[PDB]
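# Would you be able to build a 3D model of this:
(4 chains)
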Amino acid sequence: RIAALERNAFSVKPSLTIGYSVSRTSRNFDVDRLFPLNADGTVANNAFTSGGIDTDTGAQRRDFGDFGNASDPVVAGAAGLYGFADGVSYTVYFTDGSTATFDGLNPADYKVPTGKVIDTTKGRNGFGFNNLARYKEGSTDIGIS
Amino acid sequence: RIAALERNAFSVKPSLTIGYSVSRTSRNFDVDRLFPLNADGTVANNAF
Amino acid sequence: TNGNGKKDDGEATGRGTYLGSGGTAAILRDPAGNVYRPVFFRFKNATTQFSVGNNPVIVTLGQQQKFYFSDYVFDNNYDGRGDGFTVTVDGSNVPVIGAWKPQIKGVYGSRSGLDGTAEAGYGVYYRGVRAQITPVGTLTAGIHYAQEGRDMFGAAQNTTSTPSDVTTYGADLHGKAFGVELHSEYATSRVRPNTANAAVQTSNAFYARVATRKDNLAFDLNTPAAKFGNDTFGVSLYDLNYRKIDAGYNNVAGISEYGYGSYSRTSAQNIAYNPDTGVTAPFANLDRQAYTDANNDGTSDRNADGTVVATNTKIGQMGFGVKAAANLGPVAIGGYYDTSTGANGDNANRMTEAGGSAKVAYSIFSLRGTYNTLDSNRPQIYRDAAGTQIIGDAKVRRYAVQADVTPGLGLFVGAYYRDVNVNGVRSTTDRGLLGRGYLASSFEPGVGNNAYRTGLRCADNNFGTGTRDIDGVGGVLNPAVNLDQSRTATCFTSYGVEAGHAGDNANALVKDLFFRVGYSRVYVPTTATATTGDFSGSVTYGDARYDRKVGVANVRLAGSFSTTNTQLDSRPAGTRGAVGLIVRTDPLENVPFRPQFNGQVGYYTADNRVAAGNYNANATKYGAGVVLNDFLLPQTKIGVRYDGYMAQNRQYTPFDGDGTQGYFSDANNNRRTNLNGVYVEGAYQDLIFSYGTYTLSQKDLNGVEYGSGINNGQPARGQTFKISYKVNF
Amino acid sequence: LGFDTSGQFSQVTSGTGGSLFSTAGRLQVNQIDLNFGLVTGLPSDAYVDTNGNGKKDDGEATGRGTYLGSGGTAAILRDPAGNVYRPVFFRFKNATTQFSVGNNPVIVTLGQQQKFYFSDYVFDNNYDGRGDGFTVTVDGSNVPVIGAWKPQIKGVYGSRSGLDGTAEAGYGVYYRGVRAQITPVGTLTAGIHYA
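Residues are numbered from 1 along each chain as shown, chains lettered A, B, ... in the order given. See the structure here:
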């Protein structure tokens, strides 16, 4: 009878997560490229990584920023610090109220305004600026499941 | 093993409420100010 | 909401359908402080096949039936075709005929199950039968029939282009019989391609290959399968085949998911074996490539990078090929042949590759000689002398002699003189042409090692040309990359010598030590394309690697060097050094606190003389760190780690989104990255405090400090503090 | 109908953790005060808090109006055969927000809404709590040389209001402090504190 009871009995598993975390940055660069590589080619473990290991897209922990609660992928060229930080990524305003995002260090080079829209001078000269600082206010969180 | 079963077992508790009630008024006044007051100041229990 | 099983454009965000299930956006609460969450019934069902019957007859019912009669007919595994049933009958116990192991398979199904109109699998049903025996030792002979067609609700209201009916016959003779190993296959297409007048189309696919087939149905051209003698007179056939794949045999003709096309068009292009899509197909349906010239008229269209856009026209395949090797005593010889015409038989698509080699080995000396040809009248896409991709006839004639001596102490020396000759001109490098055939088959150094193994050893006794590395320093701080094993895999008209040493060989001078000093000279034409030229290029390289464990520490030294004068593959011309040290001690159970030290140093220097500058590109990575395993209170651990990475004109390119990863490289960006950082990690019993401060600055030559790109002359900074605690109920 | 649980899930044992190293794990047991179970139907006052404030704002959800058939007489999910269906929710109450580790001299406490009190006029921060963070207390009342004076050291760190939006008084403001006290004579406790 005990076997019949335990055949269709529920194993209840509660899980609790406790943790405090604060992070302040101004560019959200990547730090995983500083840590020693293990003998099997994987970077050593730290408490600051954003993760992101993917074998389908070839992503690695070194391709993503590690500060704030953002995992902003690192940008090549002069937008990012030549593959070391996040891109500048101005924003562009349009007459019809729509907006788009230019990814470059010089907004004058925005060679693709779509045919029917015009840059309304709403930003500095119609070109805004996506803020580069990320912040995670200090807070300890308890997660129950 | 019975203790391990009891550790993560559900106590199923149902409940049933049966009751009939009809009430007719024209002003909806109060009647709790008529009942005797007990020793600690609480109004005596009533069904209304 | 579509049944496709995939998240389409903005379906539900299920957490948004059932508010309170998760996240912070919605939380179903109570004023008293209770929190309510919906309870869902989760289930994963991986079983989709049900089999009935025990020995003789087994009937399988289910979705996405994966079945496989034979290659070129129902290579339908690896996805399955549709929903239905599959009966298998095993007559391995019939009294009179049970030693031949007869087997009868019968498949029926509906393609893709139930699916909407305008999909390829609407109203299409497939049927098939196969009969198999083993009359002799292992030769399975089988005959099969396979039809796939449209019913009355598919002939109309289907669109697509799925043929009205397709009907395939076949026969196969795979197996090993009397020390020989045959592999034959036949087919017949009979496609009725919808439309109105039908005009049934016929296509055949036949081959008779005598070789060794691995269990994954790939062909092993390194095992003889004939072996007409012992180790003193040991003539051994390796392959003898024939091909008659018609032009019209695609994955629709023989009813399969994928395949019947060249796998690479740059590697062996006669073989259609595709491990990616599960296409077992020993021979390919070749195609005729040509210039596009679509929009503008007069010039051939090219992509943005410069590679040519080509138009492909299926031609089929017809030809034979033989590979054998006669193992004598101290000497051994071998040869191969192959001629892949088109199906029609025109010599406008012939690709003939001949060759042969001979190795004489005795004591500690070995001397090889190899001659390789490739006379391809098929177009072929390859770079010309200048460096622009072109499409046209190719004619390569290579010959190389190598001399390897192994003193016995783990040492090895080797001289080589390789001479490539493309289209008459001496061609400083073959442009990948020699790898267009599946029978390359060079020999191997060492005595008692007479194996005629496929693949030209053009990556043997040559230098390295890798300019990409995982870590900031030149791949020398990576304990997973052996720099001394970095070869170029590109055949050169060169000559040179290479000493070396190995540490896994016993009776070595130094136990686990490796180095690869070497010198070589590469032929270059005079100007760009002239026949005249001189062996004026010079490559001088050498790498080293040494682990050891001196005491409690684990040292690891590595180093590299290269002094080329020419653009070899992608490496620019200049001196290139790199040195790396990785120290890793273990806990010291004698000194108090039981510390556990660490360390890492790496220096890299490269003087790139590109066609637009002579810039120096160097980098330096350092790293320390001490972990005290017993700090005052019991179960208290502290740990600190300082890192850092300086770099002149070097850059990092992230992952491309495909399998390719990111890598560091040399650019002419006049910027000096100075990534830094300190990382403190203390731990009480199980409560971990992690503090970390990092700074990134990229000054240009002037010192403008472009980091923190609001352009205020300040480095980018980051800082983090985490208190972590893992609890279990 | 209600499914209550045996309520034997009141302890949590810590686990191994760390990056530069690996702690032993299973070293401290914490008494949690979790009270959970399965309810079938929402109460009258349940609401979907779409803010994070934790209180019912103007027209949030009336949770009975979100999951129709949970309760009340407005919506009755039923069947012609006479069956009545009600969603099954998992209710839980968490009163534990403080986790303390360490045994004799040093106790380190992590949690939300830390309550601490250095002295009147400095950190009279009890009765509500100041913010989210940690608090270390060191009791040196067993050190050989100085154990008759009962020296103690408190240290507090945290972020005000925990995680809060802009225009609130606690956005990006952090507090810290340390106090040291002794009892040289019978009961006189002398303390010095910084905050």
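
# Can you list the buried residues in stretch C:719-729?
C:719-727 (16 or more other Cβ atoms under 10 Å in any protein chain shown). (Each C-beta comes from the backbone N, C-alpha and C, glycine too.)

# and what of stretch D:147-167?
By neighbour count with 16+ other Cβ under 10 Å, stretch D:147-167 contains the buried residues D:149, D:151-152, D:154-164.

# try stretch C:63-71
For stretch C:63-71, by 16+ other Cβ under 10 Å, it's C:64-71.

# quick one on the thing from earlier: return the closest of the buried residues of stretch D:147-167 with respect to residue C:348.
Residue C:348 has its nearest neighbour among these in residue D:163, at 73.3 Å by Cβ to Cβ.

# List the contacts of residue C:239.
By Cβ atoms under 8 Å, 6 or more residues apart in numbering or on different chains, the contact set of residue C:239 is C:209-211, C:219, C:221, C:321-324, C:336, C:439.

# let's go with 10 Å and repeat that
Residue C:239 makes contacts with C:209-212, C:219, C:221, C:224-226, C:321-324, C:336-338, C:438-439, C:441, C:454, as judged by Cβ atoms under 10 Å, 6 or more residues apart in numbering or on different chains.

# What residues does whatever residue of chain D ends up closest to chain A make contact with?
Closest to chain A within chain D is residue D:159: 2.9 Å, counting by Cβ to the nearest Cβ. Taking Cβ under 10 Å, 6+ apart as the criterion, residue D:159 is in contact with A:20, A:22, A:137-140, D:114, D:130-133, D:170-175.

# Quick check on those: which are buried?
In these, burial by neighbour count holds for A:20, A:22, A:137-140, D:114, D:130-133, D:170, D:175, counting by 16+ other Cβ under 10 Å.

# Now find how far off-centre stretch D:69-79 is within its chain.
Offset of stretch D:69-79 from its chain centre (Cα atoms, centre = their mean, to the nearest Å): 36 Å.

# what about the residue of the stretch 101-250 of chain C found nearest chain B, how many neighbours?
Relative to chain B, the nearest point of the stretch 101-250 of chain C is residue C:113 (39.6 Å; Cβ to the nearest Cβ). By other Cβ atoms under 10 Å in any protein chain shown, 13 other residues sit near residue C:113.

# Provide the secondary structure category for it.
Under DSSP: H, G, I helix; E, B strand; the rest coil, the three-state class of residue C:113 is coil.

# what about the residue nearest to it when sequence neighbours are not counted, distance to chain D?
Leaving aside its sequence neighbours, residue C:113 sits nearest to residue C:83 (Cβ to Cβ, 6 or more residues apart in numbering or on different chains; 4.2 Å). Between residue C:83 and chain D the computed distance is 33 Å (Cβ to the nearest Cβ, to the nearest Å).

# likewise residue C:478?
To chain D, residue C:478 is 21 Å away according to Cβ to the nearest Cβ.

# Was I right to think that residue contacts residue C:600?
No - assessed by Cβ atoms under 10 Å, residue C:478 is found out of contact with residue C:600, at 11.1 Å.

# Now do the shared contacts for these two.
A:37, C:471, C:580, C:582.

# Turn those residues into JSON lines, including distance to chain D and secondary structure.
Shown next, in JSON lines, are those (distance: Cβ to the nearest Cβ, whole Å; DSSP: H, G, I helix; E, B strand; the rest coil):
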{"residue": "A:37", "distance to chain D": "15", "secondary structure": "strand"}
{"residue": "C:471", "distance to chain D": "19", "secondary structure": "coil"}
{"residue": "C:580", "distance to chain D": "22", "secondary structure": "strand"}
{"residue": "C:582", "distance to chain D": "17", "secondary structure": "strand"}
